[PDB]
$ cat upload_37.txt   # compact mmCIF, N, CA, C and O atoms
# COMPACT_ATOMS: atom_id res chain seq x y z
N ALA Q 1 43.37 157.83 84.68
CA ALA Q 1 42.31 156.83 84.95
C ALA Q 1 42.60 156.05 86.23
O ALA Q 1 41.68 155.62 86.93
N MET Q 2 43.88 155.88 86.54
CA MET Q 2 44.29 155.16 87.74
C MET Q 2 45.51 155.81 88.37
O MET Q 2 46.09 156.74 87.82
N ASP Q 3 45.90 155.31 89.54
CA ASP Q 3 47.06 155.84 90.25
C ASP Q 3 48.30 154.99 90.00
O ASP Q 3 49.13 154.81 90.89
N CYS Q 4 48.41 154.46 88.79
CA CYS Q 4 49.54 153.63 88.41
C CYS Q 4 50.60 154.44 87.67
O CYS Q 4 51.79 154.16 87.76
N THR Q 5 50.14 155.45 86.93
CA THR Q 5 51.05 156.30 86.17
C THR Q 5 51.83 155.49 85.14
O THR Q 5 53.02 155.21 85.34
N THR Q 6 51.17 155.10 84.06
CA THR Q 6 51.81 154.32 83.01
C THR Q 6 53.02 155.05 82.44
O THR Q 6 52.90 156.12 81.86
N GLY Q 7 54.20 154.45 82.62
CA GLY Q 7 55.42 155.06 82.13
C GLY Q 7 56.54 154.05 81.97
O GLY Q 7 56.45 152.93 82.48
N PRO Q 8 57.63 154.42 81.27
CA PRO Q 8 58.77 153.53 81.05
C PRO Q 8 59.31 152.95 82.36
O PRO Q 8 59.91 151.88 82.37
N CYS Q 9 59.10 153.68 83.46
CA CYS Q 9 59.56 153.23 84.76
C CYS Q 9 58.44 152.56 85.54
O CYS Q 9 58.41 152.61 86.77
N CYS Q 10 57.52 151.93 84.82
CA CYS Q 10 56.39 151.25 85.45
C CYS Q 10 55.75 150.26 84.48
O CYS Q 10 55.26 150.65 83.42
N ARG Q 11 55.75 148.98 84.85
CA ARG Q 11 55.17 147.94 84.01
C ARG Q 11 53.65 148.02 84.03
O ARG Q 11 53.03 148.49 83.07
N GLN Q 12 53.04 147.56 85.12
CA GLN Q 12 51.59 147.58 85.26
C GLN Q 12 51.16 148.61 86.30
O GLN Q 12 50.05 149.14 86.24
N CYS Q 13 52.04 148.88 87.26
CA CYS Q 13 51.74 149.85 88.31
C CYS Q 13 52.98 150.12 89.16
O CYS Q 13 53.24 151.25 89.55
N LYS Q 14 53.74 149.06 89.45
CA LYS Q 14 54.94 149.19 90.26
C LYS Q 14 56.01 149.99 89.52
O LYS Q 14 56.01 150.05 88.29
N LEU Q 15 56.90 150.62 90.28
CA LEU Q 15 57.97 151.43 89.69
C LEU Q 15 59.30 150.70 89.77
O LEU Q 15 59.61 150.04 90.76
N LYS Q 16 60.10 150.81 88.71
CA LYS Q 16 61.40 150.17 88.65
C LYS Q 16 62.26 150.56 89.84
O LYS Q 16 62.10 151.65 90.40
N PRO Q 17 63.20 149.69 90.25
CA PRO Q 17 64.09 149.95 91.39
C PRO Q 17 64.81 151.28 91.26
O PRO Q 17 65.18 151.70 90.16
N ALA Q 18 65.02 151.95 92.39
CA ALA Q 18 65.71 153.23 92.41
C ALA Q 18 67.13 153.10 91.86
O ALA Q 18 68.00 152.53 92.50
N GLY Q 19 67.34 153.64 90.66
CA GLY Q 19 68.65 153.57 90.04
C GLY Q 19 68.66 152.72 88.79
O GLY Q 19 69.70 152.17 88.41
N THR Q 20 67.50 152.59 88.15
CA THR Q 20 67.38 151.80 86.93
C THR Q 20 67.07 152.68 85.73
O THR Q 20 65.97 153.22 85.62
N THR Q 21 68.05 152.83 84.84
CA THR Q 21 67.88 153.65 83.65
C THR Q 21 66.73 153.14 82.79
O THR Q 21 66.85 152.09 82.14
N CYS Q 22 65.63 153.87 82.79
CA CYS Q 22 64.45 153.49 82.01
C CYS Q 22 64.67 153.77 80.52
O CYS Q 22 64.33 152.95 79.67
N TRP Q 23 65.25 154.93 80.23
CA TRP Q 23 65.52 155.32 78.84
C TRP Q 23 67.02 155.40 78.58
O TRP Q 23 67.74 156.13 79.27
N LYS Q 24 67.49 154.65 77.59
CA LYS Q 24 68.90 154.64 77.24
C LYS Q 24 69.10 155.04 75.78
O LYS Q 24 69.30 154.19 74.91
N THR Q 25 69.05 156.34 75.51
CA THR Q 25 69.22 156.86 74.16
C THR Q 25 70.61 157.46 73.98
O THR Q 25 71.33 157.69 74.96
N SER Q 26 70.99 157.71 72.73
CA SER Q 26 72.29 158.29 72.43
C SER Q 26 72.36 159.75 72.85
O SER Q 26 73.42 160.25 73.23
N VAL Q 27 71.21 160.43 72.79
CA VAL Q 27 71.14 161.83 73.17
C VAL Q 27 71.20 162.00 74.68
O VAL Q 27 71.74 162.99 75.19
N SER Q 28 70.65 161.03 75.40
CA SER Q 28 70.64 161.07 76.86
C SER Q 28 70.01 159.80 77.43
O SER Q 28 69.76 158.84 76.71
N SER Q 29 69.76 159.81 78.74
CA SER Q 29 69.17 158.66 79.41
C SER Q 29 68.55 159.07 80.75
O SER Q 29 69.14 159.86 81.49
N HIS Q 30 67.38 158.53 81.04
CA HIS Q 30 66.68 158.84 82.29
C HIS Q 30 66.85 157.71 83.30
O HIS Q 30 67.11 156.57 82.93
N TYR Q 31 66.69 158.04 84.58
CA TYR Q 31 66.82 157.05 85.64
C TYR Q 31 65.56 157.01 86.51
O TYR Q 31 64.68 157.86 86.37
N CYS Q 32 65.49 156.03 87.40
CA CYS Q 32 64.35 155.88 88.29
C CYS Q 32 64.74 156.18 89.73
O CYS Q 32 65.67 155.58 90.26
N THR Q 33 64.01 157.10 90.36
CA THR Q 33 64.28 157.47 91.74
C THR Q 33 63.38 156.70 92.70
O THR Q 33 63.16 157.13 93.84
N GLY Q 34 62.85 155.57 92.25
CA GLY Q 34 61.97 154.76 93.08
C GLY Q 34 60.84 155.57 93.69
O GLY Q 34 60.33 155.22 94.76
N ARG Q 35 60.45 156.64 93.02
CA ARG Q 35 59.37 157.50 93.50
C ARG Q 35 58.15 157.40 92.60
O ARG Q 35 57.11 156.88 93.00
N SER Q 36 58.29 157.91 91.38
CA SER Q 36 57.20 157.89 90.41
C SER Q 36 57.63 157.22 89.12
O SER Q 36 58.82 156.95 88.91
N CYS Q 37 56.67 156.95 88.24
CA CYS Q 37 56.96 156.31 86.96
C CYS Q 37 57.51 157.31 85.96
O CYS Q 37 58.25 156.95 85.05
N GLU Q 38 57.14 158.58 86.13
CA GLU Q 38 57.59 159.64 85.24
C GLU Q 38 59.11 159.78 85.29
O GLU Q 38 59.66 160.38 86.22
N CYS Q 39 59.79 159.22 84.29
CA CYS Q 39 61.24 159.29 84.22
C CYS Q 39 61.72 160.74 84.19
O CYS Q 39 61.53 161.44 83.20
N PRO Q 40 62.37 161.21 85.28
CA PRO Q 40 62.87 162.58 85.36
C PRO Q 40 63.76 162.94 84.17
O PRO Q 40 64.23 162.06 83.45
N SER Q 41 63.98 164.24 83.97
CA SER Q 41 64.80 164.71 82.87
C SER Q 41 66.17 165.16 83.37
O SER Q 41 66.78 166.08 82.83
N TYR Q 42 66.66 164.49 84.41
CA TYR Q 42 67.96 164.81 84.99
C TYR Q 42 68.94 163.65 84.82
O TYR Q 42 69.11 162.84 85.72
N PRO Q 43 69.59 163.56 83.64
CA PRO Q 43 70.56 162.49 83.36
C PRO Q 43 71.62 162.37 84.44
O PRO Q 43 71.58 163.07 85.45
N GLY Q 44 72.58 161.47 84.22
CA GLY Q 44 73.64 161.27 85.19
C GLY Q 44 74.91 160.73 84.56
O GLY Q 44 75.97 160.80 85.20
$ encode --input "upload_37.txt" --output "structure tokens"
Amino acid sequence: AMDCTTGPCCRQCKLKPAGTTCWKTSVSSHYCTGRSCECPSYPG
């Protein structure tokens, strides 16, 4: 509907700082590459 890309790495539209773990689960955790809201599937 918009170019905000609603995701864990995005509040209303802006994307979390590059290097901010959006998802912190026991199985794994995603980070933010300051690019898109879609939390990549490449843990660290």
$ closest_residue --input "upload_37.txt" --among "Q:13, Q:18, Q:7, Q:2" --to "residue 33 (chain Q)" --atoms "only N, CA, C and O atoms"
Q:18
$ residues_around --input "upload_37.txt" --residues "residue 32 (chain Q)" --least-positions-apart "6" --cutoff "7 Å" --atoms "all atoms listed in the file" --output "NGL selection string"
:Q and (9 or 16-22 or 38-40)
$ closest_residue --input "upload_37.txt" --among "Q:42, Q:8, Q:3, Q:35" --to "residue 23 (chain Q)" --atoms "only C-alpha atoms"
Q:8
$ atom_distance --input "upload_37.txt" --atom1 "atom O of residue 37 (chain Q)" --atom2 "CA of residue 15 (chain Q)"
7.2 Å
$ atom_distance --input "upload_37.txt" --atom1 "atom O of residue 44 (chain Q)" --atom2 "atom N of residue 26 (chain Q)"
13.8 Å
$ select_by_dssp --input "upload_37.txt" --residues "chain Q" --states "strand (DSSP E)" --output "list in words"
residues 23, 24, 29 and 30 of chain Q
$ decode --input "upload_37.txt" --residues "region 4-43 of chain Q" --atoms "N, CA and C atoms" --output "CSV table (one decimal), in the first residue's frame"
chain,number,residue,atom,x,y,z
Q,4,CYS,N,6.7,2.1,2.7
Q,4,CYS,CA,7.3,2.1,4.1
Q,4,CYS,C,7.8,0.7,4.4
Q,5,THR,N,7.2,-0.3,3.9
Q,5,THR,CA,7.6,-1.7,4.2
Q,5,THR,C,7.5,-2.0,5.7
Q,6,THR,N,6.3,-2.1,6.2
Q,6,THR,CA,6.1,-2.4,7.6
Q,6,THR,C,6.8,-3.7,8.0
Q,7,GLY,N,7.8,-3.5,8.9
Q,7,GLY,CA,8.5,-4.7,9.4
Q,7,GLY,C,9.2,-4.4,10.7
Q,8,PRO,N,9.7,-5.4,11.4
Q,8,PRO,CA,10.4,-5.3,12.7
Q,8,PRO,C,11.5,-4.3,12.7
Q,9,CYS,N,12.0,-4.0,11.5
Q,9,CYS,CA,13.1,-3.0,11.4
Q,9,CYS,C,12.6,-1.7,10.8
Q,10,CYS,N,11.3,-1.4,11.2
Q,10,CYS,CA,10.7,-0.2,10.7
Q,10,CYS,C,9.5,0.1,11.6
Q,11,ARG,N,9.5,1.3,12.3
Q,11,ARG,CA,8.4,1.7,13.1
Q,11,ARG,C,7.2,2.1,12.3
Q,12,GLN,N,7.3,3.3,11.7
Q,12,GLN,CA,6.2,3.9,10.9
Q,12,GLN,C,6.6,3.9,9.4
Q,13,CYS,N,7.9,4.0,9.2
Q,13,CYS,CA,8.4,4.1,7.8
Q,13,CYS,C,10.0,4.0,7.8
Q,14,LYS,N,10.6,4.7,8.8
Q,14,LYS,CA,12.0,4.7,8.9
Q,14,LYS,C,12.6,3.4,9.3
Q,15,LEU,N,13.8,3.1,8.9
Q,15,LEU,CA,14.4,1.8,9.2
Q,15,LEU,C,15.5,2.0,10.3
Q,16,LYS,N,15.5,1.0,11.2
Q,16,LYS,CA,16.4,1.0,12.4
Q,16,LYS,C,17.8,1.2,11.9
Q,17,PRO,N,18.7,1.7,12.8
Q,17,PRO,CA,20.1,2.0,12.4
Q,17,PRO,C,20.8,0.7,12.0
Q,18,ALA,N,21.7,0.9,11.0
Q,18,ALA,CA,22.5,-0.3,10.5
Q,18,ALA,C,23.3,-1.0,11.6
Q,19,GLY,N,22.8,-2.2,12.0
Q,19,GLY,CA,23.5,-2.9,13.0
Q,19,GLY,C,22.6,-3.1,14.3
Q,20,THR,N,21.3,-3.0,14.1
Q,20,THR,CA,20.4,-3.2,15.2
Q,20,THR,C,19.6,-4.4,15.1
Q,21,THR,N,19.9,-5.4,16.0
Q,21,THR,CA,19.2,-6.7,15.9
Q,21,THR,C,17.7,-6.5,16.1
Q,22,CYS,N,16.9,-6.7,15.1
Q,22,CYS,CA,15.4,-6.5,15.1
Q,22,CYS,C,14.8,-7.7,15.9
Q,23,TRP,N,15.2,-8.9,15.5
Q,23,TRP,CA,14.7,-10.1,16.1
Q,23,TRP,C,15.8,-10.8,17.0
Q,24,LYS,N,15.4,-11.0,18.2
Q,24,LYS,CA,16.4,-11.7,19.1
Q,24,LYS,C,15.7,-12.9,19.7
Q,25,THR,N,15.7,-14.0,19.0
Q,25,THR,CA,15.2,-15.3,19.4
Q,25,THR,C,16.3,-16.3,19.8
Q,26,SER,N,15.9,-17.4,20.5
Q,26,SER,CA,16.8,-18.4,20.9
Q,26,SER,C,17.3,-19.2,19.7
Q,27,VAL,N,16.5,-19.3,18.7
Q,27,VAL,CA,16.8,-20.1,17.5
Q,27,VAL,C,17.8,-19.3,16.7
Q,28,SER,N,17.6,-18.0,16.7
Q,28,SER,CA,18.5,-17.1,15.9
Q,28,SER,C,18.1,-15.6,16.1
Q,29,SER,N,18.7,-14.7,15.3
Q,29,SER,CA,18.5,-13.3,15.4
Q,29,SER,C,18.8,-12.6,14.1
Q,30,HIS,N,18.0,-11.6,13.7
Q,30,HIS,CA,18.2,-10.9,12.5
Q,30,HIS,C,18.7,-9.5,12.8
Q,31,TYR,N,19.4,-8.9,11.9
Q,31,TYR,CA,20.0,-7.6,12.0
Q,31,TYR,C,19.5,-6.6,11.0
Q,32,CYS,N,19.8,-5.3,11.1
Q,32,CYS,CA,19.4,-4.3,10.2
Q,32,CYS,C,20.6,-3.7,9.4
Q,33,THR,N,20.5,-3.8,8.1
Q,33,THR,CA,21.6,-3.3,7.2
Q,33,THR,C,21.3,-1.8,6.8
Q,34,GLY,N,20.5,-1.1,7.5
Q,34,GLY,CA,20.1,0.2,7.2
Q,34,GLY,C,19.7,0.4,5.8
Q,35,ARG,N,19.2,-0.7,5.2
Q,35,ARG,CA,18.7,-0.6,3.8
Q,35,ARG,C,17.2,-0.7,3.7
Q,36,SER,N,16.7,-1.9,4.1
Q,36,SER,CA,15.2,-2.1,4.0
Q,36,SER,C,14.7,-2.6,5.4
Q,37,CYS,N,13.4,-2.6,5.5
Q,37,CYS,CA,12.8,-3.1,6.8
Q,37,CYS,C,12.8,-4.6,6.9
Q,38,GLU,N,12.8,-5.3,5.8
Q,38,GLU,CA,12.8,-6.7,5.8
Q,38,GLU,C,14.0,-7.3,6.4
Q,39,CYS,N,13.9,-7.7,7.7
Q,39,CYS,CA,15.0,-8.3,8.4
Q,39,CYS,C,15.6,-9.5,7.7
Q,40,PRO,N,16.8,-9.3,7.1
Q,40,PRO,CA,17.5,-10.4,6.4
Q,40,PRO,C,17.6,-11.7,7.2
Q,41,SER,N,17.8,-12.8,6.6
Q,41,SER,CA,17.9,-14.1,7.2
Q,41,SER,C,19.3,-14.6,7.4
Q,42,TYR,N,20.2,-13.6,7.5
Q,42,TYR,CA,21.7,-13.9,7.7
Q,42,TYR,C,22.2,-13.5,9.1
Q,43,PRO,N,22.0,-14.4,10.1
Q,43,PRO,CA,22.4,-14.1,11.4
Q,43,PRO,C,23.9,-13.7,11.5
